[PDB]
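# Commentary on secondary and tertiary structure
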Amino acid sequence: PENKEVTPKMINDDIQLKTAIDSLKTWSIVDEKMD
Amino acid sequence: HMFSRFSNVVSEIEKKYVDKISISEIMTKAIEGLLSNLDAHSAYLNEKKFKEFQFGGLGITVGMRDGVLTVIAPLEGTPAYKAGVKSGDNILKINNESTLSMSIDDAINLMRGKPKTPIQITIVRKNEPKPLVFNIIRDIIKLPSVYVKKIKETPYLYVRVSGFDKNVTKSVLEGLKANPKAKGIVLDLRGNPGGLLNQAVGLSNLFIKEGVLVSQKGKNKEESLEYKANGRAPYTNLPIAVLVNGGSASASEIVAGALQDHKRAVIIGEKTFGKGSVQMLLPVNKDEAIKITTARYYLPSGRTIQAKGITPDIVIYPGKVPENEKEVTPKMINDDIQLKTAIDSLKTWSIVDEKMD
Amino acid sequence: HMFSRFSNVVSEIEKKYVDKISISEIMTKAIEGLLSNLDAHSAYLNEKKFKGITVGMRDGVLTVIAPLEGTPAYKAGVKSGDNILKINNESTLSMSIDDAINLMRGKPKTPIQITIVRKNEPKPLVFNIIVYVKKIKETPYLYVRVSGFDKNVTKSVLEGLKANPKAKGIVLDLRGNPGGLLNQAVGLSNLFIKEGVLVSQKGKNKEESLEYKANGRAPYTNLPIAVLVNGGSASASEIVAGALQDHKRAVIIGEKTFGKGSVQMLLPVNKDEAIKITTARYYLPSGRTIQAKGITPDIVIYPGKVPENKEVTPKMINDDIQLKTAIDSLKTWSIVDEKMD
């Protein structure tokens, strides 16, 4: 939805990649809270 | 005795002006002009206005952005939402009078008044090349704000807070108690204009055990209040997933901001409408008083809400996710992608919990 | 004393505000607030004008933020908003903010060549920086387009009309004219009016009520006139339209005008500070004022296109319908003149 390395260009092209990055952001937050 | 600079200017204005205005009228224009020049949210109450200050309305919460009047968020139960008023628009006129320069207090006075009284508002929208005129009738409709709805085929609830009014903490606590088998929350704060601070720290107190919740600090050492969590937090481990949107402010970012800094939740949505400040009505004269901001609340970290806002950890925008009765059906989740993403962040939280179990 | 109301408020602000503000800072906030609340046009002047053009990005195109009055380049003849092609032999397709200010702005009194392409000009015009009359084709009516009420405008209009002794009507165009010097505006209206009152400045005092009366040196009393006005005309442009309309010396055609009948008398108040307020307002021959009801044209017509089936071409007339109406009102004037003759 709209308003050598992985730039945000193709991240927006496919939604499955974006969901995987958001799933990793949630993993980091839970790790920090439990730490 | 630094009034010399003001005395020189006022000495020539009263002498060479087209009209006949007394010193009293000129000074009132100076007091009112100075207050409106400090910041947006200041106003002056005269002899007549102050006495009458101490029900109903269209439900529009208003605030100024970059010098232009804008609507923060219309409440769901009020006719403003039903009429078609949306957040982010610019108010141009009300009752056929211009909105070039006023304050929040008088603008609220225009909306508020006797119920069942029609009001005409002209609104300029980004997507509309021409301003549109809206006719809205007033009412005194009372609707519950906080309600919990279990989501089907998931252990995750859905707690929507429409407004931070009184007894929100009790309703949230009872709603979470009514589902002892729950294993998640979707704390929806989208389009929440604001509410009371004393209850915002109460709601977040259910989740945070140790650590400051928010701190108000002016330019003076005293009056610098600081709210801290108590040891009676019952739900220090249950997963949360807060939803925010550009129509949330004024203790809609105290609940979201405090959880974000304490890593108690995953803020999801768009950037919030940055609005953090405390306004009081200090009396200055016999029956004249000024409304001047003195202190803001800084998030547990120490950063400020005005006017940066809350940047969600996951940024998304409203839309339909691509596809190929007292509960949250799978259908209603599909219309808005922001609600589906909030459940997705809850699934990852559960998986990490099981892995670390 | 009289400062009791302000002293109490200014102390509370200095004591219980979010930030720490000195009395000097709060005084300027109060001064600038008072002038703004007095009138929209009035404004407090810090360092006045004695003590040059900024280009920003808006909708993907370059726009001018604020032009300075003291820059001599403004009087040179450089017009903003044009499709700029070259600035000192530099490509304008891709420039930065720092590049623009360092290139387009330089030391004055030095030759600088810019290439600008104008929509109406078939070829680009090269400008080096160190109010016209045009006969309308196939019609005996001239076209006195006054873009701005600058100096010598009255002399230029009178001289240009003397170059066309066969004149039979004037489309006096005052559309989109912010205004200018009153003394020149009265001089322009004095060409066409033999006797009467032109304008009158008035304030709150019986003295200083200036009144302007026409003299007998009007050369073009009987020449037909059809003034064009719109919402972009202010001050001196409304002075001519109102003075002619009240004297029945012209036919005003167009839309309603924005009243700007006031005088902003700049005046110092301190060592390096000044104020600007309204001191006199302009009242048209009848008596009614220009601010802010403006001038109601006799023949009201909004911009549009006419329906299909060195000089002013017939094709150029068709683009704007107001110009066609002004020529039509001159044709009727000629017929009525002939009938009584």
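Presented here is an overview of the structure given in this document. (Residues numbered from 1 in each chain as written, not as in the entry; some residues may be left out. Chains lettered and ligands numbered in written order. Part of a larger assembly, values for the part shown. Heavy atoms only, no water.)

## Details of the interface of chain B and chain A
- Contacts between the two partners involve 22 residues from chain B and, on the opposite side, 16 residues from chain A.
- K263 of chain B is the partner of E32 of chain A in a salt bridge, and the nearest nitrogen-oxygen pair spans 3.7 Å.
- The tally of links between chain B and chain A comes to two residue pairs in polar contact.
- Of all elements in the fold, only β17 (314-315) and α10 (337-355) of chain B reach the threshold of two or more residues within the side of chain B that touches chain A.
- Among the elements that line the side of chain B that touches chain A, the one with the most residues is α10 of chain B, at eight residues.
- When the residues that make up the side of chain B that touches chain A are grouped by side-chain class, the tally is eleven nonpolar, four polar and seven charged. (Contact = heavy atoms within 4.5 Å. Salt bridge = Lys/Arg side-chain N within 4 Å of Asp/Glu carboxyl O. Polar contact = N/O pair within 3.5 Å; in protein donor to acceptor, adjacent residues only side chain to side chain. Helix = DSSP H or I, 4+ residues; strand = E, 2+ residues; numbered from the N terminus. Nonpolar A, V, L, I, M, F, W, Y, C, P; charged D, E, K, R; others polar.)

## Thoughts on the pattern of salt bridges
- Going through the model one piece at a time under the given rule, you end up with 18 salt bridges over all chains.
- We note a salt bridge from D287 of chain B to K51 of chain B, for which the minimum N-O separation is 3.9 Å.
- Since its relative accessible area comes to 45%, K51 of chain B is described here as partly exposed.
- Here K213 of chain C and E211 of chain C are joined by a salt bridge, their closest N and O atoms 3.0 Å apart.
- What you see here is one network of salt bridges that share partners, running through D188, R190 and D336 of chain B. (Buried < 20%, exposed > 50% of the residue type's maximum accessible area, 1.4 Å probe, protein only.)

## Notes on the interface of chain C and chain B
- Chain C puts 46 residues into the contact, and the matching count from chain B is 44 residues.
- Interface area for chain C against chain B, summed over the two sides, is near 4,500 Å², with a carbon-plus-sulfur share of 66%.
- The largest per-residue losses of area from chain C upon contact with chain B belong to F3, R5 and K204 of chain C, which jointly make up 16% of the total buried on that side.
- Along the contact surface separating chain C from chain B lie two salt bridges.
- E273 of chain C serves as the salt-bridge partner of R5 of chain B, at 3.6 Å between the closest nitrogen and oxygen.
- Counting every contact that joins chain C to chain B gives 15 residue pairs in polar contact. (Buried area = accessible area lost by both parts, 1.4 Å probe.)

## As for the environment of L17 of chain A
Residues and elements named next belong to chain A.
- Looking at the secondary structure, you find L17 in helix α2 (residues 15-34).
- When its relative accessible area of 33% is taken as the criterion, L17 is described as partly exposed.
- In sequence terms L17 and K4 are 13 residues apart; their C-alpha atoms lie 17 Å from each other.

## Description of helix α6 (residues 168-177) of chain B
All names here are of chain B.
- Along α6, the residues classified as buried are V168, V172, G175 and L176. Buried residues of α6, seen end-on, are gathered within an arc of 95 degrees and therefore sit on one face of the element.
- Elements that come into contact with the buried residues of α6 comprise β8 (146-148), β9 (159-161) and α7 (197-205). (Arc of directions from axis to C-beta.)

## Re empty space enclosed by the protein
- Here the largest cavity is characterised by a volume of approximately 60 Å³.
- As for the largest cavity, its lining consists of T19, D22, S23 and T26 of chain A together with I314, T341, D344, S345 and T348 of chain B.
- Looking at the lining of the largest cavity, the elements with two or more residues in it are α2 of chain A together with α10 of chain B.
- The volume enclosed by the second largest cavity comes to roughly 50 Å³.
- Around the second largest cavity sit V62, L69, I91, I94, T99, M102, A107, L110 and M111 of chain B, which together line it. (1 Å grid on protein atoms, 1.4 Å probe; cavity = no way out; pocket = protein on both sides within 12 Å on 5 of 7 lines; lining within 4 Å. Points joined across faces, edges and corners; volume = space filled by probe spheres on them.)

## Considerations on the sheet that holds strand β16 (residues 299-300) of chain C
All names here are of chain C.
- Taken in spatial order, the three strands line up as β12-β13-β16 in an open sheet, and their pairing is parallel. Each of the sheet's edge strands pairs with one partner strand only, and the pair in question is β12 (228-229) and β16.
- Relative to strand β13 (residues 253-254), β12 runs parallel, the two sharing two bridges. Within the sheet, the bridge partner assigned to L228 lies in β13 and is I253. (Pairing = 2+ DSSP bridges.)

## Regarding the sheet that holds strand β5 (residues 112-117) of chain C
Residue and element names in this part refer to chain C.
- With respect to topology, three strands assemble into an open sheet ordered β4-β5-β6, the strand pairing being antiparallel. The strands lining the two open edges of the sheet, one partner per strand, are β4 (83-87) and β6 (125-129). Looking at each pair of strands side by side, their axes are set apart by 30 degrees on average, direction ignored.
- Inspection of the sheet shows β5 paired to β6 by five bridges, in the antiparallel sense. Within β6, the residue paired with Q113 across the bridge is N128. (Axes fitted to C-alpha atoms, helices over the stretch in contact; angles between N-to-C directions.)

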